[PDB]
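Visitor: Take this structure, written in structure tokens, and hold onto it; I'll ask about it next.
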Amino acid sequence: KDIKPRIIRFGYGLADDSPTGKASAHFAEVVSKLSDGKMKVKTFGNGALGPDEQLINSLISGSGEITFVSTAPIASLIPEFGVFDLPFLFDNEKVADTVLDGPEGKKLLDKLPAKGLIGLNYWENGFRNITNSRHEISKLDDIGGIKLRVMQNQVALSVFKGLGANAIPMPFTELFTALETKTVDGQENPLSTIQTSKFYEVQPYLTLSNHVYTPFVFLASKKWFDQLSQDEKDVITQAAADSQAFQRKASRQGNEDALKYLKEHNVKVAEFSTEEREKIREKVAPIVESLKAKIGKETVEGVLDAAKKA
Ligand SMILES: O=C(O)C(=O)C[C@H](O)[C@H](O)CO
């Protein structure tokens, strides 16, 4: 009804042909359809508008309208978001969907407006897997001394240092070059990102560790969103609901497709045995306990309880 022409900028870090990049184009299509072509979303993928930290700041200030980012960089504004960098929180994607779409996920999204952001909903980045260029990693012992890029918060740094890595926080947009030049030995990310950001080309080793699950938050600038009419807000939130469903499906198919592609493209795949997984859990347990104070005890306990019920 009350919809005026709008042009809406949507930058992101992943490649345009990643599952989430394709979901961003899907969001653009749905926004156009629901607005009779009046609201036009322009996507800028592959880091064209900067990494997550810059995208977040652009939404706060108003130079950008929409983005998706990992939860990890949000921890520098809202420490409770660091909960998702704890290892082995979610047994599988069904547990993740339930927790994130339920009250514990909502409690965290509800903290965003005070920082100038609207958490429209959660999208799936996914289960993270270790890659490197030094040696196969199939044992906890093999992590020792690996120079491993991590996401930029205290939880990620502390977890990987606790596992023996030389952990190097770096923005995602600098990662391919750091791997290619061997400024770092490795990194960790979902399979479809390892594929579509081309990290595999410079990472002969992959471990199916699935050690952490990363949500994306699908974000709007609060300053911008608040100036929309209710009908315009409804286009955005309806398109966000449609796109979340599309994105999670595309992500899960993308993960299966990525493992097949990586094996065909000269990547050597390992895993941690059940005994090595046990060693990792035992090693990180005291680190996780100490990190509760930095994240927020009630957030950690609430998320763990929600995951158990799920
Ligand atoms: O920083 C990482 O490794 C991530 O998993 C991805 C980033 O959030 C990326 O900017 C998403 O577009």
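Going through the structure tokens in order, the chains are called A, B, and so on, while each chain numbers its residues from 1 and the ligands are numbered from 1 in the order shown.
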Please give me, as a VMD selection string, the residues lying within 6 Å of ligand 1 when counting only C-alpha atoms and all ligand atoms.
Guide: chain A and resid 12 to 14 51 to 52 69 to 70 151 172 189
Visitor: Mind dumping a table of every segment 77-117 of chain A residue within 8 Å of segment 215-224 of chain A, with the nearest atom pair and its distance in Å to one decimal, using only C-alpha atoms, sorted by chain and rising number, as CSV?
Guide:
residue,atom,partner,partner_atom,distance
A:84,CA,A:215,CA,7.4
A:113,CA,A:222,CA,6.6
A:116,CA,A:222,CA,5.1
A:117,CA,A:222,CA,4.8
Visitor: Could you write those residues out with C-alpha atoms, as a PDB file, in the first residue's frame?
Guide:
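Result saved to selection_4.pdb:
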ATOM      1  CA  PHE A  84      28.353 -19.221  19.228  1.00  0.00           C
ATOM      2  CA  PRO A 113      18.405  -2.149  18.458  1.00  0.00           C
ATOM      3  CA  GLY A 116      21.585   0.770  15.938  1.00  0.00           C
ATOM      4  CA  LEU A 117      20.851  -2.588  14.318  1.00  0.00           C
TER       5      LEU A 117
END
Visitor: Check the smallest atom-to-atom distance from each of A:53, A:180, A:16, A:201 to residue 74 of chain A using only C-alpha atoms, then report the winner.
Guide: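 Between A:53, A:180, A:16, A:201, the residue approaching residue 74 of chain A most closely is A:53.
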Visitor: Neighbouring residues of residue 198 of chain A were defined as those with any atom within 12 Å, considering only C-alpha atoms; residues of the same chain fewer than 4 positions away were excluded. Please report them as number ranges by chain.
Guide: A: 14-15, 17-18, 46, 131, 175-177, 179-180, 189, 191-194, 202-204, 258, 261-262, 265, 267
Visitor: Generate a file of the selected residues that holds N, CA and C atoms, formatted as an mmCIF file, in the first residue's frame.
Guide:
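Result file part05.cif:
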data_model
loop_
_atom_site.group_PDB
_atom_site.id
_atom_site.type_symbol
_atom_site.label_atom_id
_atom_site.label_comp_id
_atom_site.auth_asym_id
_atom_site.auth_seq_id
_atom_site.Cartn_x
_atom_site.Cartn_y
_atom_site.Cartn_z
ATOM 1 N N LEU A 14 31.013 -12.997 1.610
ATOM 2 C CA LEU A 14 31.144 -14.221 0.835
ATOM 3 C C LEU A 14 31.045 -13.943 -0.663
ATOM 4 N N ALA A 15 31.461 -14.935 -1.446
ATOM 5 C CA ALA A 15 31.345 -14.835 -2.892
ATOM 6 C C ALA A 15 29.888 -14.787 -3.337
ATOM 7 N N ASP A 17 28.493 -16.361 -5.654
ATOM 8 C CA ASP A 17 27.987 -17.685 -5.998
ATOM 9 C C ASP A 17 27.999 -18.643 -4.812
ATOM 10 N N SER A 18 28.269 -18.155 -3.603
ATOM 11 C CA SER A 18 28.062 -18.965 -2.420
ATOM 12 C C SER A 18 26.561 -19.147 -2.183
ATOM 13 N N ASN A 46 31.323 -10.448 -2.195
ATOM 14 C CA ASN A 46 32.753 -10.716 -2.303
ATOM 15 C C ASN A 46 33.582 -9.639 -1.624
ATOM 16 N N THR A 131 41.117 -26.070 7.493
ATOM 17 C CA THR A 131 41.985 -26.289 6.349
ATOM 18 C C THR A 131 43.385 -25.797 6.680
ATOM 19 N N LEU A 175 41.698 -13.010 3.892
ATOM 20 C CA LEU A 175 42.047 -14.394 4.191
ATOM 21 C C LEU A 175 42.646 -15.120 2.992
ATOM 22 N N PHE A 176 42.055 -14.995 1.804
ATOM 23 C CA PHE A 176 42.610 -15.727 0.671
ATOM 24 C C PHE A 176 44.096 -15.398 0.481
ATOM 25 N N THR A 177 44.443 -14.114 0.481
ATOM 26 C CA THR A 177 45.833 -13.735 0.255
ATOM 27 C C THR A 177 46.748 -14.250 1.361
ATOM 28 N N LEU A 179 46.378 -16.997 3.085
ATOM 29 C CA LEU A 179 46.598 -18.419 2.825
ATOM 30 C C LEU A 179 47.541 -18.614 1.652
ATOM 31 N N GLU A 180 47.345 -17.839 0.583
ATOM 32 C CA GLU A 180 48.128 -18.026 -0.632
ATOM 33 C C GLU A 180 49.595 -17.721 -0.393
ATOM 34 N N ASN A 189 36.274 -22.745 8.289
ATOM 35 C CA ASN A 189 35.059 -22.165 7.720
ATOM 36 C C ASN A 189 34.221 -23.322 7.178
ATOM 37 N N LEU A 191 32.363 -25.749 4.443
ATOM 38 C CA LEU A 191 32.845 -26.285 3.173
ATOM 39 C C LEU A 191 32.489 -25.409 1.980
ATOM 40 N N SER A 192 31.262 -24.888 1.910
ATOM 41 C CA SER A 192 30.889 -24.120 0.723
ATOM 42 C C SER A 192 31.668 -22.809 0.616
ATOM 43 N N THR A 193 32.119 -22.261 1.740
ATOM 44 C CA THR A 193 32.988 -21.092 1.719
ATOM 45 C C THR A 193 34.405 -21.478 1.302
ATOM 46 N N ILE A 194 34.922 -22.580 1.841
ATOM 47 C CA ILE A 194 36.222 -23.083 1.407
ATOM 48 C C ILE A 194 36.247 -23.251 -0.107
ATOM 49 N N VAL A 202 44.615 -23.120 -2.325
ATOM 50 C CA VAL A 202 45.844 -22.859 -1.600
ATOM 51 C C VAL A 202 45.847 -23.576 -0.254
ATOM 52 N N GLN A 203 44.991 -24.595 -0.113
ATOM 53 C CA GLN A 203 44.875 -25.379 1.117
ATOM 54 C C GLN A 203 44.713 -26.848 0.745
ATOM 55 N N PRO A 204 45.810 -27.584 0.616
ATOM 56 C CA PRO A 204 45.701 -29.000 0.222
ATOM 57 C C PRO A 204 45.066 -29.921 1.263
ATOM 58 N N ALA A 258 29.708 -29.082 -1.916
ATOM 59 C CA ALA A 258 31.081 -28.646 -1.701
ATOM 60 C C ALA A 258 32.003 -29.817 -1.379
ATOM 61 N N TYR A 261 32.857 -31.484 -4.620
ATOM 62 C CA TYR A 261 33.744 -30.646 -5.415
ATOM 63 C C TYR A 261 35.169 -30.640 -4.864
ATOM 64 N N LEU A 262 35.321 -30.511 -3.539
ATOM 65 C CA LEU A 262 36.656 -30.403 -2.960
ATOM 66 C C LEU A 262 37.440 -31.694 -3.158
ATOM 67 N N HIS A 265 38.849 -31.826 -6.510
ATOM 68 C CA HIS A 265 39.817 -30.766 -6.785
ATOM 69 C C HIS A 265 41.055 -30.840 -5.906
ATOM 70 N N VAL A 267 41.886 -31.979 -2.900
ATOM 71 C CA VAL A 267 41.950 -31.738 -1.462
ATOM 72 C C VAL A 267 41.975 -33.072 -0.734
#
Visitor: Out of A:107, A:211, A:249, A:147, which residue has the shortest atom-to-atom distance to residue 168 of chain A when counting only C-alpha atoms?
Guide: A:147
Visitor: I need the residues in segment 46-216 of chain A that are helix (DSSP H, G or I) according to DSSP; give them as a ChimeraX atom specification.
Guide: /A:52-61,72-76,79-85,93-101,103-109,113-115,140-143,154-162,172-180,191-196,199-202
Visitor: Extract, using only C-alpha atoms, all DNA, RNA and protein residues at most 8 Å from residue 241 of chain A, discarding same-chain residues fewer than 4 positions from it, and format them as a list in words.
Guide: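 The residues satisfying every condition are residues 121, 237 and 245 of chain A.
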Visitor: Suppose we keep N, CA, C and O atoms; can you now write the selection as a compact mmCIF listing (two decimals), in the first residue's frame?
Guide:
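Result file part27.txt:
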# COMPACT_ATOMS: atom_id res chain seq x y z
N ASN A 121 16.49 -11.84 11.32
CA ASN A 121 16.46 -13.25 11.69
C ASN A 121 17.86 -13.81 11.53
O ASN A 121 18.79 -13.07 11.20
N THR A 237 10.44 -7.61 6.21
CA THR A 237 10.37 -8.75 7.12
C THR A 237 9.79 -9.99 6.44
O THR A 237 10.23 -11.11 6.69
N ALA A 245 14.36 -19.25 4.82
CA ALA A 245 14.06 -20.62 4.45
C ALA A 245 14.85 -21.02 3.22
O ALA A 245 15.45 -22.10 3.17
Visitor: Can you tell me which residues surround residue 246 of chain A at a distance of at most 12 Å, considering only C-alpha atoms, apart from same-chain residues fewer than 3 positions away, and format the answer as a list in words?
Guide: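 So the residues in contact are residues 19, 20, 21, 22, 23, 24, 25, 26, 27, 30, 123, 124, 239, 240, 241, 242, 243, 249, 250, 251, 252, 253 and 254 of chain A.
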Visitor: For the residues in that selection, give me N, CA and C atoms as a compact mmCIF listing (two decimals), in the first residue's frame.
Guide:
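The result, stored in again-v5.txt:
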# COMPACT_ATOMS: atom_id res chain seq x y z
N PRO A 19 26.17 -20.14 -1.39
CA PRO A 19 24.73 -20.28 -1.09
C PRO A 19 24.13 -19.00 -0.52
N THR A 20 24.85 -18.33 0.37
CA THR A 20 24.29 -17.13 0.97
C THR A 20 24.27 -15.96 -0.02
N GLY A 21 25.26 -15.89 -0.91
CA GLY A 21 25.20 -14.89 -1.97
C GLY A 21 23.99 -15.08 -2.85
N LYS A 22 23.70 -16.33 -3.22
CA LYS A 22 22.50 -16.62 -3.99
C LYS A 22 21.24 -16.31 -3.19
N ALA A 23 21.27 -16.52 -1.88
CA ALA A 23 20.11 -16.15 -1.07
C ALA A 23 19.92 -14.64 -1.01
N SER A 24 21.02 -13.88 -1.11
CA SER A 24 20.91 -12.43 -1.09
C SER A 24 20.26 -11.93 -2.37
N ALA A 25 20.57 -12.55 -3.50
CA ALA A 25 19.88 -12.22 -4.73
C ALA A 25 18.41 -12.64 -4.65
N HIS A 26 18.13 -13.75 -3.97
CA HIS A 26 16.75 -14.18 -3.77
C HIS A 26 15.99 -13.14 -2.96
N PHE A 27 16.59 -12.66 -1.87
CA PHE A 27 15.99 -11.59 -1.09
C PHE A 27 15.68 -10.38 -1.96
N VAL A 30 12.57 -11.13 -4.05
CA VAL A 30 11.34 -11.13 -3.27
C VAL A 30 10.94 -9.70 -2.87
N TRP A 123 20.44 -16.47 9.67
CA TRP A 123 20.73 -17.31 8.52
C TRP A 123 21.83 -18.28 8.94
N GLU A 124 22.15 -19.23 8.07
CA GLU A 124 23.15 -20.25 8.39
C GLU A 124 24.48 -19.96 7.72
N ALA A 239 10.10 -10.66 3.20
CA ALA A 239 11.18 -11.14 2.35
C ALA A 239 12.26 -11.84 3.17
N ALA A 240 12.52 -11.33 4.38
CA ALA A 240 13.51 -11.95 5.25
C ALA A 240 13.09 -13.36 5.65
N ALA A 241 11.80 -13.56 5.96
CA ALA A 241 11.31 -14.89 6.33
C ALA A 241 11.44 -15.87 5.17
N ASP A 242 11.02 -15.44 3.98
CA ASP A 242 11.15 -16.26 2.78
C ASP A 242 12.61 -16.59 2.52
N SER A 243 13.48 -15.59 2.64
CA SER A 243 14.88 -15.77 2.29
C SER A 243 15.61 -16.63 3.30
N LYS A 249 18.10 -23.95 3.18
CA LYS A 249 18.07 -25.05 2.22
C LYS A 249 19.27 -24.99 1.28
N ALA A 250 19.58 -23.80 0.75
CA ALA A 250 20.70 -23.67 -0.18
C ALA A 250 22.01 -23.97 0.52
N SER A 251 22.13 -23.57 1.78
CA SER A 251 23.36 -23.81 2.53
C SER A 251 23.60 -25.30 2.71
N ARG A 252 22.54 -26.05 3.04
CA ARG A 252 22.67 -27.47 3.33
C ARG A 252 22.94 -28.27 2.06
N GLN A 253 22.27 -27.93 0.97
CA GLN A 253 22.63 -28.56 -0.30
C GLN A 253 24.05 -28.16 -0.70
N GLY A 254 24.41 -26.89 -0.48
CA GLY A 254 25.74 -26.40 -0.81
C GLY A 254 26.84 -27.13 -0.07
Visitor: Pick from A:208, A:280, A:150, A:178: nearest to residue 255 of chain A, with only C-alpha atoms counted?
Guide: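 Comparing A:208, A:280, A:150, A:178 against residue 255 of chain A, the winner is A:208.
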Visitor: Can you write out as a Markdown table which residues of segment 111-205 of chain A fall within 10 Å of segment 291-309 of chain A, alongside each residue's closest atom pair and its distance in Å to one decimal, counting only C-alpha atoms and ordering rows by chain and ascending residue number?
Guide:
| residue | atom | partner | partner_atom | distance |
| --- | --- | --- | --- | --- |
| A:154 | CA | A:294 | CA | 8.3 |
| A:155 | CA | A:291 | CA | 6.7 |
| A:158 | CA | A:291 | CA | 8.2 |
| A:159 | CA | A:291 | CA | 8.9 |
Visitor: What's the separation between atom CA of residue 161 of chain A and atom CA of residue 71 of chain A, in Å to one decimal place?
Guide: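 Separating atom CA of residue 161 of chain A from atom CA of residue 71 of chain A is a distance of 19.8 Å.
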Visitor: Given only C-alpha atoms as the basis, pick out the residue of A:38, A:139, A:94, A:111 nearest to residue 270 of chain A.
Guide: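 Going through A:38, A:139, A:94, A:111 one by one, the smallest distance to residue 270 of chain A is for A:139.
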Visitor: Which of these, A:163, A:156, A:86, A:259, has the shortest distance to residue 141 of chain A once you count only C-alpha atoms?
Guide: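 Comparing A:163, A:156, A:86, A:259 against residue 141 of chain A, the winner is A:163.
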Visitor: Taking into account only C-alpha atoms, which residue in the set A:62, A:10, A:127, A:272 is nearest to residue 226 of chain A?
Guide: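 The answer is A:62, which sits nearest to residue 226 of chain A.
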Visitor: How far is it from atom CA of residue 83 of chain A to atom CA of residue 278 of chain A, in Å with one decimal?
Guide: 20.9 Å
Visitor: Write out as a ChimeraX atom specification all residues of segment 66-220 of chain A that DSSP puts in strand (DSSP E or B) for this structure's backbone.
Guide: /A:66-70,117-127,129-132,147-150,166-169,186-189,205-207,213-220
Visitor: Atom CA of residue 33 of chain A and atom CA of residue 238 of chain A, how far apart in Å?
Guide: 11.2 Å
